[PDB]
Amino acid sequence: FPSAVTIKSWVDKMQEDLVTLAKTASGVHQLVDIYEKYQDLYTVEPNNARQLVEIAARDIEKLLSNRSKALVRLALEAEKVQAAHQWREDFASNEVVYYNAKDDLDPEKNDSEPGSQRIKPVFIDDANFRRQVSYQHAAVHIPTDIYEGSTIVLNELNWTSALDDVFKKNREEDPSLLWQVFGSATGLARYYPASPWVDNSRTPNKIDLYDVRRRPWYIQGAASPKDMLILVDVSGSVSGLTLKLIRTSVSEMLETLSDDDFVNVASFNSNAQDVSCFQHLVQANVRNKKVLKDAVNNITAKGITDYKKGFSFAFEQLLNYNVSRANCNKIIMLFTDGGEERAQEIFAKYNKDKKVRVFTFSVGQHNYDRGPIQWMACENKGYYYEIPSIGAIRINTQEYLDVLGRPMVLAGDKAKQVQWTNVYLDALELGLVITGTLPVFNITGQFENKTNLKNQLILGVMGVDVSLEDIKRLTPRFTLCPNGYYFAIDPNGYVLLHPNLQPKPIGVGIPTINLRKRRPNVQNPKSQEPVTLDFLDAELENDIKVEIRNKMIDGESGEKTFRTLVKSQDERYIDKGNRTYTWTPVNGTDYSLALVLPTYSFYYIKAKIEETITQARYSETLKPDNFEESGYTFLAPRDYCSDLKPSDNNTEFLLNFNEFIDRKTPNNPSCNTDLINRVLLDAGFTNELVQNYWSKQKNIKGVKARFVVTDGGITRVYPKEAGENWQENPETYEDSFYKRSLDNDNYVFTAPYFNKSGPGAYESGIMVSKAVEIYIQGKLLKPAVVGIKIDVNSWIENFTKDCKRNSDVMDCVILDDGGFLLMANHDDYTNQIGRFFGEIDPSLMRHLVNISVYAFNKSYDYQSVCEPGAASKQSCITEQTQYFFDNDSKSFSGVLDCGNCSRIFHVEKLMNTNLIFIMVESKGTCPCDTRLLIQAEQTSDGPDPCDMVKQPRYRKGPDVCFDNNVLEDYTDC
Amino acid sequence: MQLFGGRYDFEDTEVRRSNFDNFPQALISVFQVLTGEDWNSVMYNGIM
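Chains as they are written, first to last, in the numbering used here: chain A, 7 to 979; chain B, 10 to 57.
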């Protein structure tokens with residue numbers, strides 16, 4: 007076995023070959039030179055990380071204030087118009103003309119139902135709604151199992167006909183409004199602009215199970231947060247059908263709880279106890295609700311009924327105040343069938359002052375006594391509901407809100423405040439939207455003040471949607487680096503804006519579906535959960551990021567510069583970079599906006615090519631017929647100008663960009679001149695690099711291709727024949743290698759993929775990148791990244807010439823920081839290249855992790871798609887893993903033992919690159935095996951939820967909430 | 010009423026009116042079994 011000095015010499019030779027090749031044949035220093043030789047075509051403007059956050063916060067506050075003024079008008083008009091309704095009862099001659107959505111739109115239907123008349127719309131196509139839209143009237147959606155022509159809905163269709171004027175006026179004022187919707191307390195929804203519903207009743211093969219009274223925005227605008235305590239009766243009498251109904255009823259009741267409500271499901275049968283591993287009130291988010299649902303479905307009925315112990319348990323759990331609670335609406339929902347004890351003494355001793363409402367549900371069909379349950383409901387400011395079938399479950403477990411809104415309507419104009427909801431997916435297929443809600447009160451004699459009979463309930467809830475694209479256009483991110491961004495969080499932890507929040511719904515637990523018990527065409531329903539991705543689950547958690555989080559939740563300004571390890575775009579690597587967070591509150595609403603700007607990103611290049619000659623000349627260097635002179639050229643599909651639309655068929659986009667710069671000169675008084683000037687400038691620079699330097703040496707020893715990516719969007723590969731082997735995204739802000747090589751200060755080797763269907767191994771070659779670093783006025787700048795694609799075979803040759811090929815005494819392999827194979831010495835390893843080293847040689851990799859040359863950081867990706875097990879895809883959590891160098895040492899030697907044998911190894915890290923070379927005794931000599939140590943997404947289930955409520959994260963609930971009014975009635979049950 | 014009283018704790022939703030829950034219903038079910046009408050449906054419920 008060689009000594010340390012000869013191994014170090016081998017490594018020095020290899021590194022002096024690799025660095026010299028990837029430095030000369032790429033053009034780092036040449037581009038650095040030409041980026042300063044001109045130094046007049048552009049200027050260096052600072053990035054004041056404080057002012058950007060304040061400007062973006064003011065613009066977001068202005069947008070939300072506009073969307074609030076668009077709401078108060080609708081509220082005023084709705085109250086005024088319904089105040090003067092006449093309550094007709096015969097619509098045979100005074101028909102209601104309206105456009106019922108989700109109906110067959112053939113021009114031959116002629117429905118003519120008994121009482122009303124449909125409208126046929128024109129339905130032009132539009133943008134800002136990737137669908138067909140008619141701005142002339144307002145559509146209407148009525149739940150499928152509600153008659154469209156009953157008297158209770160024919161009036162809500164007649165008096166809401168005066169909203170369309172305010173809809174039209176709101177949109178005429180701010181032309182950029184999305185859906186405006188009025189969802190009334192009778193299911194009837196009325197939105198504008200009209201659009202055919204995404205799901206007709208039976209025109210597709212699926213049905214439409216939608217109901218406005220269960221949406222997040224409605225439930226949040228119709229009542230203040232609550233502390234619910236579901237209380238199941240699991241005694242022997244509830245066995246059979248009524249228990250099957252109680253399970254579904256609890257599971258549909260939990261579905262009406264936002265993230266600001268707290269819930270716990272106790273049970274009682276001669277002995278009261280909790281039903282899961284929670285023991286107190288939890289926060290009723292996605293995972294907690296999921297655990298409670300999965301724990302309810304396991305209960306069985308046996309024993310004697312005792313209401314006193316159950317109600318003692320409930321009132322005790324509602325008197326904790328050690329845990330974090332919403333602490334607004336203490337209520338309890340008793341799910342039973344009927345007994346003989348009304349338990350007057352417990353109510354007398356626990357809530358003698360009527361502080362905790364008691365809603366009582368009598369489920370199933372039976373011949374028991376529903377007297378005491380009705381009495382409990384009537385006495386404790388509650389209500390009594392009867393659920394005799396699966397049909398009556400949706401409309402009964404959602405009506406208790408009409409009782410929690412009494413102390414809100416009895417408050418007046420102090421209860422009308424806009425209230426934005428969580429991030430969810432629009433029902434009309436518009437992506438991720440937030441909705442602002444504002445209730446609407448019933449006033450039918452506010453003058454005479456004598457009604458107060460139906461005037462204890464609200465009419466409905468108004469709403470206007472704000473898409474998360476309108477917000478991402480107020481935080482423009484095309485003057486930062488690929489590593490700086492904006493992000494804004496709730497006063498609940500959850501994120502509202504992040505480069506890591508995606509349109510898929512967040513998952514909970516491993517998915518499991520049973521095909522053997524699924525009819526073919528029955529339309530098993532879907533979900534209505536919001537996309538609630540916490541802040542500390544979209545990044546890697548430090549002990550400093552928790553400080554920043556809990557510090558900007560409660561509306562504080564400030565900044566902090568620290569040293570955190572960031573994760574790469576492709577979740578395979580992990581960097582170690584400096585960052586400077588700089589947060590602030592959005593003064594109007596309750597959001598906090600921050601901005602992650604790395605060092606080296608406090609200055610940017612502003613293009614100043616005012617001469618039209620240079621602009622034109624540079625613009626002549628992007629036509630597809632000129633590639634043979636300047637190499638294959640791409641272009642980031644940004645919003646350069648409101649005419650040309652991003653295509654993703656990048657050659658077509660380049661054609662359209664060329665043909666648009668052709669017609670109108672770059673003066674562009676109605677167009678984004680900054681991005682276009684920057685793109686022309688960097689195109690000129692890259693073309694000067696290709697012409698002056700790359701074009702001298704047409705081919706080199708092993709360089710399969712040399713690429714240049716830059717900000718602005720231009721990315722050029724020299725050999726056009728090689729351009730067809732460039733799988734990377736054309737936008738230079740999602741190129742993983744770009745960001746990585748920006749963070750590091752040395753040539754970054756990017757391992758290829760393994761066994762992915764696409765030619766990368768011997769058709770593209772190993773990848774190498776390095777960031778251009780210039781100094782204009784003593785200030786750092788990283789405006790471009792240049793690279794190389796080394797060919798694998800010539801590298802094998804250069805590598806071998808006692809590491810002889812296909813040897814049987816030792817193996818000599820090369821990895822990068824991340825543990826991926828790049829150059830082997832057996833021709834059985836180096837045919838599977840780019841594969842995880844610990845997946846072929848497990849024991850040695852495990853020892854390398856053990857002696858602390860590598861280090862990992864497991865995480866969770868709460869938005870993934872997996873294939874379910876039996877116990878096309880489903881939402882799932884996938885545990886990830888990423889390895890990286892931690893120690894700064896250069897050489898690690900030693901010996902690993904695994905029984906009856908021992909192997910020797912020596913590893914050495916190359917200088918100014920992220921490669922490691924390890925030489926070890928072959929596996930053919932030592933029979934060894936521990937386990938495949940795989941680095942890949944694993945469909946996971948954790949973390950354990952009921953070992954996390956014991957120590958929850960910080961949270962600032964809503965300080966304003968309405969309950970316990972004195973002039974209430976509660977004479978109903 | 011002793012044997013099948015309250016033992017129709019079936020988890021499904023089919024209605025079984027001829028059960029033995031209380032005394033009048035037991036009398037009705039016994040009369041129905043006596044007159045020999047549909048008595049083979051009151052036996053399968055008692056079996057399952």
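In this text, a Cβ means the ideal position worked out from N, Cα and C, and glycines have one as well.
C-alpha gap between residue i and residue j, whole angstroms
i	j	result
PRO210 of chain A	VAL204 of chain A	10 Å
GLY963 of chain A	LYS355 of chain A	30 Å
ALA383 of chain A	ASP375 of chain A	14 Å
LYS710 of chain A	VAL774 of chain A	11 Å
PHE713 of chain A	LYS629 of chain A	18 Å
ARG412 of chain A	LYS360 of chain A	15 Å
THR567 of chain A	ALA600 of chain A	13 Å
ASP953 of chain A	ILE477 of chain A	36 Å
residue 987 of chain A	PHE666 of chain A	This structure gives no information on residue 987 of chain A, because the portion of chain A shown stretches from 7 to 979.
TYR768 of chain A	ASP817 of chain A	21 Å
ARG684 of chain A	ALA494 of chain A	28 Å
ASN455 of chain A	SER257 of chain A	41 Å
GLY499 of chain A	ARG73 of chain A	24 Å
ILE148 of chain A	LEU80 of chain A	20 Å
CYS907 of chain A	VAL926 of chain A	14 Å
Residue from the options with nearest C-alpha to residue i
i	options	result
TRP223 of chain A	A:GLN425, A:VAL244 and A:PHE805	A:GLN425
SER607 of chain A	A:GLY490, A:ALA349, A:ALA600 and A:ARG746	A:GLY490
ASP654 of chain A	A:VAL102, A:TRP700, A:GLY370 and A:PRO643	A:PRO643
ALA613 of chain A	A:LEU687, A:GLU22 and A:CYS809	A:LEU687
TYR724 of chain A	A:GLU694, A:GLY718, A:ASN752 and A:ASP751	A:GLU694
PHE826 of chain A	A:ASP833, A:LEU263 and A:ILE846	A:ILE846
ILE619 of chain A	A:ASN673, A:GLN575, A:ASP645 and A:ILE580	A:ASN673
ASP543 of chain A	A:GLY466, A:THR450, A:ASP596 and A:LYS864	A:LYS864
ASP867 of chain A	A:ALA876, A:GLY875, A:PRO874 and A:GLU885	A:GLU885
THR306 of chain A	A:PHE898, A:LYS510, A:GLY242 and A:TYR430	A:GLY242
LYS929 of chain A	A:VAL815, A:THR441, A:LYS702 and A:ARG64	A:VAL815
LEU407 of chain A	A:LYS19, A:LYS232 and A:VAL754	A:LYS232
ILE225 of chain A	A:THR443, A:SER395 and A:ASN662	A:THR443
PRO445 of chain A	A:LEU431, A:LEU410, A:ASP239 and A:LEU111	A:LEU410
Cβ-Cβ separation, residue j to residue i (assumed contact under 8 Å), whole Å
i	j	result
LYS315 of chain A	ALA278 of chain A	5 Å
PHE129 of chain A	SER118 of chain A	No, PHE129 of chain A and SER118 of chain A are not in contact; Cβ-Cβ is about 21 Å, not under 8 Å.
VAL859 of chain A	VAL913 of chain A	7 Å
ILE399 of chain A	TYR390 of chain A	So it is not a contact: roughly 16 Å between Cβ atoms.
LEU237 of chain A	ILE338 of chain A	6 Å
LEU82 of chain A	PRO531 of chain A	Actually they are not in contact, since the Cβ atoms of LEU82 of chain A and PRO531 of chain A sit about 37 Å apart, beyond 8 Å.
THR248 of chain A	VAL369 of chain A	5 Å
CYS809 of chain A	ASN831 of chain A	5 Å
Residue i beta carbon near the ligand GTP (any heavy atom closer than 6 Å)
i	result
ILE615 of chain A	Absent from the structure shown: the ligand GTP. Ligands present: none.
Beta-carbon proximity check, residue i vs residue j, cutoff 7 Å
i	j	result
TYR197 of chain A	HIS143 of chain A	no
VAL514 of chain A	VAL292 of chain A	yes
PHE805 of chain A	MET829 of chain A	yes
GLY388 of chain A	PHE353 of chain A	no
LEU660 of chain A	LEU641 of chain A	yes
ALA777 of chain A	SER800 of chain A	no
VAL798 of chain A	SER32 of chain A	no
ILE516 of chain A	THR945 of chain A	yes
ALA301 of chain A	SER330 of chain A	no
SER849 of chain A	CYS967 of chain A	no
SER245 of chain A	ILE393 of chain A	no
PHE541 of chain A	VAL501 of chain A	yes
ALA168 of chain A	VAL297 of chain A	no
Residues of the segment 217-251 of chain A with a CB closer than 7 Å to any CB of chain B: list them in chain order, please. For the segment 217-251 of chain A, residues whose beta-carbon sits nearer than 7 Å to a beta-carbon of chain B comprise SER245, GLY246, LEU247 and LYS250.
Residues, ordered as in the chain, of the segment 379-410 of chain A that lie near chain B by beta-carbon distance below 7 Å: The residues in question: there are none.
Can you list, in chain order, the residues of the segment 300-330 of chain A whose Cβ is nearer than 9 Å to any Cβ on chain B? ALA307
Report the residues of the segment 360-376 of chain A with a CB closer than 8 Å to any CB of chain B, ordered along the chain. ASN373
For the segment 17-41 of chain B, enumerate the residues whose C-beta is nearer than 8 Å to any C-beta of chain A, in chain order. Along the segment 17-41 of chain B, going in chain order, the ones with a CB nearer than 8 Å to a CB of chain A are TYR17, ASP18, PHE19, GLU20, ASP21, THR22, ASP30 and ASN31.
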